[PDB]
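*Asks:* Quick one: this structure, given as structure tokens, is what I'll be asking you about.
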Amino acid sequence: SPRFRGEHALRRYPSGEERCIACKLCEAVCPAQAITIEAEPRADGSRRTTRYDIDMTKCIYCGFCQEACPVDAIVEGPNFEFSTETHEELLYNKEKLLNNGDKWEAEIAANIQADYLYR
Amino acid sequence: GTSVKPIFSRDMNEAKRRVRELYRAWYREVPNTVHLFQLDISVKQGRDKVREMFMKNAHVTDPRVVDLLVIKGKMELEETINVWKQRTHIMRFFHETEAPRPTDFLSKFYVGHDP
Amino acid sequence: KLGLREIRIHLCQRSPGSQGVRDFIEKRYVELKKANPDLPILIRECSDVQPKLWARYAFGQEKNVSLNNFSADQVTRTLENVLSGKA
Amino acid sequence: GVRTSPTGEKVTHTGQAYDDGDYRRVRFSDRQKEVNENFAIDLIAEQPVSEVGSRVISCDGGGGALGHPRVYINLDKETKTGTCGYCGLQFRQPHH
Amino acid sequence: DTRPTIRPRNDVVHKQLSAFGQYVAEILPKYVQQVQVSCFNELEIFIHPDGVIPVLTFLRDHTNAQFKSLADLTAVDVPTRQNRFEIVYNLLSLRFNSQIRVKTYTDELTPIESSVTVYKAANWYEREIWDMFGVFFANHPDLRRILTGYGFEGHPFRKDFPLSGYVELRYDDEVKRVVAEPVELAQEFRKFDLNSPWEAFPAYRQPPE
Amino acid sequence: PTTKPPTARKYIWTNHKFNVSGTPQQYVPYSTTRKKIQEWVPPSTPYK
Amino acid sequence: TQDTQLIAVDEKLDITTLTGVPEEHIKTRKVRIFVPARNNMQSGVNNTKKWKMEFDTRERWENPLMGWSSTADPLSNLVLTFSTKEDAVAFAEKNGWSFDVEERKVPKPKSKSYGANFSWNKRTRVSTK
Amino acid sequence: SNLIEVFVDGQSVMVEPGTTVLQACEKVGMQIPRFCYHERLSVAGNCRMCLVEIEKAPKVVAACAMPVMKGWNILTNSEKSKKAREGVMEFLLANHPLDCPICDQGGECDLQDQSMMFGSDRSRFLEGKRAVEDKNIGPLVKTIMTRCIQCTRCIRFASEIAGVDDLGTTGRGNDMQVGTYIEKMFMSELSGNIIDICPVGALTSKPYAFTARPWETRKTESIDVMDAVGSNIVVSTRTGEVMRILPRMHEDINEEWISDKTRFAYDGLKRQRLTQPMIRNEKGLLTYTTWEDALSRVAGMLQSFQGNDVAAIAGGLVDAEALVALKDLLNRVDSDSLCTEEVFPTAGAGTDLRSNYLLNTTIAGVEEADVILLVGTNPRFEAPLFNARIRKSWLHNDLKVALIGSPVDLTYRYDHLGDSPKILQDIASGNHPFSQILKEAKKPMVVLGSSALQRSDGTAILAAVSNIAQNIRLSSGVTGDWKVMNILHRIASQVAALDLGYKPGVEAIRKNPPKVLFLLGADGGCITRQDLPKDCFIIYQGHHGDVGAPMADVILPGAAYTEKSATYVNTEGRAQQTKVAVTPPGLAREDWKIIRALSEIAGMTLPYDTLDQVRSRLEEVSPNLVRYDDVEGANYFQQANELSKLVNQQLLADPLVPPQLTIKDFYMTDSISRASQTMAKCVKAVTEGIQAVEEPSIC
Ligand code: SF4
Ligand code: SF4
Ligand code: SF4
Ligand code: SF4
Ligand code: FES
Ligand SMILES: [K+]
Ligand SMILES: [Zn+2]
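Chains as they are written, first to last, in our numbering: chain A, 1 to 119; chain B, 1001 to 1115; chain C, 2001 to 2087; chain D, 3001 to 3096; chain E, 4001 to 4209; chain F, 5001 to 5048; chain G, 6001 to 6129; chain H, 7001 to 7699.
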């Protein structure tokens, strides 16, 4: 279904700028506390995350982060095919989340276009 | 205030009695739990651990507290006797994997910030 | 050397148990410091303290002497005996 | 833009780059340091400065409800370009 | 209607439960201390510990009371009050279908008499409290530890007990077994500071002093 | 997708990648933050 | 009136050995009680109306993986609430933690009048509203 | 007496006539939601959230400024009161911009909390909102003026508290904008406090700008050490890292404000730091090493030399516990040159009497004084909180403030007697007219700063001021209990050191040069290598090695004031405690633990081993330094006056000039300040001009 909750990913605006303004709402929401953010005033100024890591082994795949996000920055992509071999492989990083949002992007855009009215 | 309700024991003497046959049971137990659980512990170094644990709570003077330790040791005794406990839990009292901890202030200063 | 290096006085604020020493330093202190200007007579006055006297001589040894309800002449004597023993 | 470290590692958009000794680089041998090339710092700079002619301008980030919350930036200061804090598009008066 | 969001108010059940509360207060004045019915039609009876067996029996046996079902049994640790632990008995009626709650208090050491006989369901629930709060129960048939791991210590639901516990366990090849080690987290629990400093409900304001 | 062209944009990958776990192209976690409290550089001039 | 074979027990409770706290956590750790000062960024008050106890902060090192905040003491993010400081100190002694006491600081009530914003001779006259 | 009975929604309370309604409600516990009234600021009745219903009254009245009358049951929870609150907030929250995820006030916004408690749950604003262009007013305060609610708290803080009347309002109607019109540079010593008076994120902290959402940071109480005031503060630390410092309420030390120097000083902790022990290599460079060899070298050459050849100069930010530990360690070799950077004239009583070196009348005592004499100080930068207290007493209690010395501008209209110190003895003579004022004032005041004592003729200045105090004390105008003598210090860890018996100043070292100088936090640089003889084991402890560290043989890293758990003393003598917020960086330990371990390695082991024992030992040394948060009553002034009064040491004609003369030098004082970068940013902001430090506040 278009609501399927899977691998977390960090989307970005059509201009290419990342949507995350590091409000840390998702960190204050995650019941498993799998999300960690450090913010900073960027060189341009926009308050992006110096660190944004989701501990997938702590994550319980609830979709609370996306519904908490006020800019639809964090989302859960339709991918479930990320069974890994090492525990460190599961512990994601900001760059890994950005790559996830840049690989599963047409998917997430199409699903959001078909689901934003419900939510 | 000072007046309180007992659990079983009325005075230090009777609780002192209860710990007596608790140590009785532990003594008569240690060898055949070494035998049954295939312990790597030896008989003497089994008994002295019981003695040191009994001496650990030497400071206790309130009666009700003594009934509490004696009934908790009673639960320990049941857990051990009918093999509900497991060999790892029996070893848990003996701190093997736990590295030795320094005691002097100088070593504490060398290691890190800790009182 | 062993001569006393500093003399510390701990007198209570208002309690009568430390009254006498309070009178002592009230009148019998200025000339006492004039006699030994080099010597640190410290007066670390505080509240609800029993009137006590520390004496640090040398090498880090200290001597303890109470002044509980000590009269002005009596505290004068308990200072003079220590000060005279410049060793 | 992504640049190489003196050791050879690819610096990140945050500026992270493990130093010379930095024993925590064995993690990357026989592997790779995953870095995203689409830097958000520069992918917003080349966007054109909108020349909408009004005193105060609304911005939702495009896509309506799919964008960021609607903010009213002020196109008042003549010496700089107003920008929405969420998205980052630079809005400016059409040279008054 | 005018109040489509606010929950419906059922005053008839409230008055009827209050009448039964006065009933039970009059019947057993020896152990009952304070009976009150909540706004959402749930009555609670605060009794002295010595009434754990009597009051329950009166609630289990009396023709006009007729409560034979132990819905649950629970302790609620609160370190502030002098006797920190408070035990709640939840009873449900069949002939007169309704839910009643009786609440008693005890500290760490003062034992509270074990129901079991009044409600044989209490037994396992009973064990939980002893294994989870330290509240020992007098002459309980078998008050052994029930939930926690073997050879455990403390009573985790005590509010002073840390969230992460004290000791974990893991494989050790040096001894070829699972061993217990003092706690060393890989990432510490961040304790968020919620509960905004602005008063929420004026109705439940604590009186000053 | 032939009948439903996905909305194209610059940042989307032009080549799908399977899960790279196992092969040396796998991902390894690492702190993506700058440095904490920074060390004081000793002087280079002589002691005197 | 409450006959249950009552016994005078003068010495204070020693539930320490019952609590299961390890020896160095019951000995070394020092806990302080206090009324938490309100966040000066806020004018709300109902957070300094309780007695909270908290323990001395311990080592906080960064793990090699992401520089997280791994710690060792479990009794670090543990704070206990109490209505009055007497209950808190009783809990502290009966548990056996070395305790420190800070008195409940409260705002002094100051005389405030809008008529002070204006004056004929007093310095308190304002210059702008 | 005059207490009038006033009901609040029922139950009645006893209320002083003239009390506002909101204070009467606070007497019970229920609080009016407000945005315009601050307890320590003037009232304006502006937010209109203070509206409440008076029983049998047609229209609601503003509880912020309403003299309560007889009876007058305050219906706090009345339906009309709730409706008034709802409407007033709907008006407040109409043009408020959608920045909650992007605004740092998020989670502790006040406005958000009132919306949660007393506010609607939906917006009927169908029109466009208002946007206001940002006005930069510093590298210290982030400015997003579209979020402002015109509560006028910043303006009133600028006028009364800070005294710099530059923050105002412009225009009218909905286009009214609060700012500075001119692109002016608001650089007072109390500017940062506007961050904590602004209910909304209109004004925020630039150095901390969006570093942590404040619902995560743990809060640990402690004491500021940047100043001798010892302002109570709270360190907000997340994930083992210091983010910011907020003021704590004390009402006797700092009210609820702190100086910008105190506030924005955490960044110094993250800069140049000492973490691992260092020793001089074969070429003379300090190379990193383990602890063992460092304590071994220290122990060896401490064992080699005894007597006066071993010294120790305590710095400015040191702790009392390590002061005791170092003094005791240096005592076991009979070394008695325990010096400190700040100099106090020891001629006469010296450090023997608490009355000599103390703000005897306490900080609060200045709120009832009549006339105050400042002996050549700059309290706007020497002690910002003390000057704030002086300003508030000048405002409300019409204090007549006069000073002798440098004509530094001091917010209020100070009466500049002059600059020459000669005037001092004239005041003692009484020929100067101001003397009569001191006689006529029922609570006269004279205070001489530590900086003016530093000079070169401090003994003469102290003697003259003591003679002045004695001359006015014999008059019956001053009550028996009212203290007059007052000495204001600047270094935080000076009075405590002087309490322990450390010889003030460094003259002892210069008299007979030592060989094993134990620089403990010493960073002023009063004693350099040239003054010392050849082959001196200068051992520099501390945290921020910038002056002492370059000239050293073995470096012993220490803990900063936010990492230890030691005690400090304010200028009035009250001994406060700083709790541990974040662990010391790297391998650095506490300052007393390292001294005790050094002693144990060297052989002369100290008796105390944990914090409680060293506190008990310090109690043995001085019984006031353990009694926390209460001024130990200091007296015995007259005998101290008769004690010195022997030397003449004729006063030099040099005008009194405090080392700090303009806000530019208020920032760069200690090692922590020098390490900081934001301190340098604001310094360069002050120096050249306005257009140098503009930091974009929108992002
Ligand atoms: S689904 Fe997302 S927000 Fe929820 S716990 Fe997992 S990572 Fe956190
Ligand atoms: S909720 Fe969204 S915008 Fe806020 S920190 Fe999380 S990902 Fe970023
Ligand atoms: S200050 Fe304004 S933007 Fe910031 S949280 Fe409050 S209401 Fe939201
Ligand atoms: S800028 Fe802040 S303090 Fe000043 S009036 Fe606006 S909201 Fe109030
Ligand atoms: S308090 Fe009523 S408007 Fe400020
Ligand atoms: K603010
Ligand atoms: Zn935008």
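We put the beta carbon where it would ideally sit given N, CA and C, even for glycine.
Starting from H:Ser7435, follow the alpha helix (DSSP H) in both directions and report where the run begins and ends.
*Replies:* Counting along the chain, the alpha helix (DSSP H) containing H:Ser7435 begins and ends at 7434-7440.
*Asks:* Closer than 7 Å, CB to CB, is A:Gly16 near chain H or not?
*Replies:* Not an interface residue.
*Asks:* Would you check if the distance between the CB atom of H:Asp7419 and the CB atom of H:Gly7405 is smaller than 7 Å?
*Replies:* Yes, the pair counts as a contact, with Cβ atoms nearer than the cut-off.
*Asks:* Within 7 Å (strictly less), CB to CB, does G:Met6041 reach chain K?
*Replies:* No chain K is part of this structure, whose protein chains are labelled A, B, C, D, E, F, G and H.
*Asks:* At what residue ranges does the region 1010-1081 of chain B contain a whole run of the beta strand (DSSP E), taking only runs of 3 or more?
*Replies:* Within the region 1010-1081 of chain B, no complete beta strand (DSSP E) run reaches 3 residues.
*Asks:* Quick check on the DSSP output: what are the complete beta strand (DSSP E) runs of length 3 or more inside the region 2033-2068 of chain C, in order along the chain?
*Replies:* With a minimum length of 3 residues, the continuous beta strand (DSSP E) runs that stay inside the region 2033-2068 of chain C are 2041-2043, 2052-2056, 2062-2066.
*Asks:* Can you give the Cα-Cα distance for H:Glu7619 and B:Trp1026, rounded to whole angstroms?
*Replies:* In a straight line, the C-alpha of H:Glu7619 is about 49 Å away from that of B:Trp1026.
*Asks:* Measuring alpha carbon to alpha carbon, tell me which of D:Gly3062, D:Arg3070, D:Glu3051 ends up nearest D:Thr3081.
*Replies:* Comparing Cα positions, the closest option is D:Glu3051.
*Asks:* In chain order, what residues of the same chain lie with their CB nearer than 6 Å to the CB of H:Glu7216, ignoring the 5 residues before and after it?
*Replies:* For H:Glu7216, where only same-chain residues beyond five positions count, the Cβ hits under 6 Å are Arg7238.
*Asks:* Relative to ligand 2, is the shortest distance from any of its heavy atoms to the C-beta of A:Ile21 smaller than 6 Å?
*Replies:* Yes; taking the cut-off as 6 Å, the Cβ of A:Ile21 has a heavy atom of ligand 2 nearer than that.
*Asks:* Relative to chain A, which residues along the region 7191-7220 of chain H have a C-beta separation below 8 Å, given in chain order?
*Replies:* Those residues of the region 7191-7220 of chain H that come within reach of chain A (Cβ to Cβ, closer than 8 Å) are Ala7209, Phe7210, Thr7211, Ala7212, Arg7213, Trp7215, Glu7216.
*Asks:* Does DSSP put B:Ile1090 in a helix, in a strand, or in coil?
*Replies:* The answer is helix: DSSP assigns B:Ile1090 an H, G or I state.
*Asks:* Assign H:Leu7646 to buried or exposed, taking buried as 16 or more other Cβ atoms, counted over all protein chains shown, within 10 Å of its Cβ.
*Replies:* H:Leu7646 comes out exposed.
*Asks:* Give a yes or no on whether the C-beta atoms belonging to G:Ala6088 and G:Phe6082 are separated by under 7 Å.
*Replies:* Yes; because the gap between Cβ atoms is below 7 Å, this pair is in contact.
*Asks:* Return helix, strand or coil for H:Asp7121, following the three-state DSSP convention.
*Replies:* Coil.
*Asks:* Is any heavy atom in ligand 5 found nearer than 6 Å to the beta carbon of H:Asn7046?
*Replies:* H:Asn7046: yes, Cβ under 6 Å from ligand 5.
*Asks:* Am I right that H:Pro7444 and H:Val7371 are in contact with their C-beta atoms under 8 Å? What's the rounded C-beta distance?
*Replies:* The pair is a contact, with the Cβ atoms about 6 Å apart (cut-off 8 Å).
*Asks:* Mark H:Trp7592 as exposed unless 16 or more other C-beta atoms lie within 10 angstroms of its C-beta, in which case mark it buried.
*Replies:* Under this definition H:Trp7592 is a buried residue.
*Asks:* Shortest alpha-carbon distance to B:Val1065 belongs to which of G:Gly6096, G:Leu6018, G:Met6053, G:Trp6068?
*Replies:* That would be G:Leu6018, whose Cα lies nearest to the Cα of B:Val1065.
*Asks:* Using only the heavy atoms of ligand 4, determine whether one of them is closer than 6 Å to the beta carbon of H:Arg7153.
*Replies:* Yes, ligand 4 has a heavy atom inside 6 Å of this Cβ.
*Asks:* Can you tell me where the alpha helix (DSSP H) holding H:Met7301 begins and where it ends?
*Replies:* Residues 7291-7304.
*Asks:* Give me the subset of the region 6066-6082 of chain G whose CB atoms are less than 7 Å from a CB atom of chain H, sorted by chain position.
*Replies:* Per Cβ criterion, the list reads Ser6069.
*Asks:* Hey, how far is the Cα of D:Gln3090 from the Cα of H:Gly7171?
*Replies:* Roughly 28 Å separates the two Cα atoms.
*Asks:* Could you check the C-alpha separation between H:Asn7635 and G:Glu6024 for me, to the nearest Å?
*Replies:* So the two alpha carbons sit approximately 44 Å from each other.
*Asks:* Could I get the ranges of all uninterrupted alpha helix (DSSP H) runs contained in the region 3027-3093 of chain D, with 4 residues as the minimum, in chain order?
*Replies:* The qualifying runs are 3040-3043.
*Asks:* For a contact defined as C-beta to C-beta under 9 Å, what are the partners of H:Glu7642 on chain C?
*Replies:* Residues of chain C passing the Cβ test: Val2030.
*Asks:* Of the residues E:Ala4186, E:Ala4122, E:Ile4112, E:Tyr4150, which one's Cα is nearest the Cα of B:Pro1006?
*Replies:* Among E:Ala4186, E:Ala4122, E:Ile4112, E:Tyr4150, the Cα nearest to that of B:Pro1006 belongs to E:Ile4112.
*Asks:* According to DSSP, what are the bridge partners of A:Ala39?
*Replies:* DSSP, once it has assigned bridges, lists A:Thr49 as partnering A:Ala39.
*Asks:* For the region 7314-7332 of chain H, enumerate the residues whose C-beta is nearer than 8 Å to any C-beta of chain C, in chain order.
*Replies:* The region 7314-7332 of chain H vs chain C, Cβ under 8 Å: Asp7328, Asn7331, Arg7332.
*Asks:* Show which residues of chain G have a CB atom less than 8 Å away from the CB atom of E:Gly4165.
*Replies:* Those are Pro6074, listed as they occur along chain G.
*Asks:* How is H:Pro7247 classed by DSSP in three states: helix, strand or coil?
*Replies:* If DSSP states are grouped into helix, strand and coil, H:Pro7247 belongs with the strands.
*Asks:* Shorter than 6 Å, the distance from the beta carbon of B:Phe1008 to the closest heavy atom of ligand 1, or not?
*Replies:* False, no ligand heavy atom lies under 6 Å from that Cβ.
*Asks:* Return the residues of the region 4169-4198 of chain E that lie within a Cβ-Cβ distance of less than 8 Å from chain B, sorted by chain order.
*Replies:* For the region 4169-4198 of chain E, which is checked against every Cβ of chain B, the residues closer than 8 Å are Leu4169, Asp4172, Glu4174, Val4175, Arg4177, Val4178, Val4179, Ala4180, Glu4181, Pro4182.
*Asks:* Does ligand 5 have even one heavy atom less than 6 Å from the beta-carbon of H:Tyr7037?
*Replies:* Yes; taking the cut-off as 6 Å, the Cβ of H:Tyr7037 has a heavy atom of ligand 5 nearer than that.
*Asks:* Compute the Euclidean distance between the alpha carbons of H:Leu7326 and H:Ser7335, then round it to the nearest angstrom.
*Replies:* For H:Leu7326 and H:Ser7335, the distance between alpha carbons rounds to 11 Å.
*Asks:* Looking at A:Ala34 and ligand 2, is the gap between the Cβ and the nearest heavy atom below 6 Å?
*Replies:* Not under cutoff, so the answer is no.
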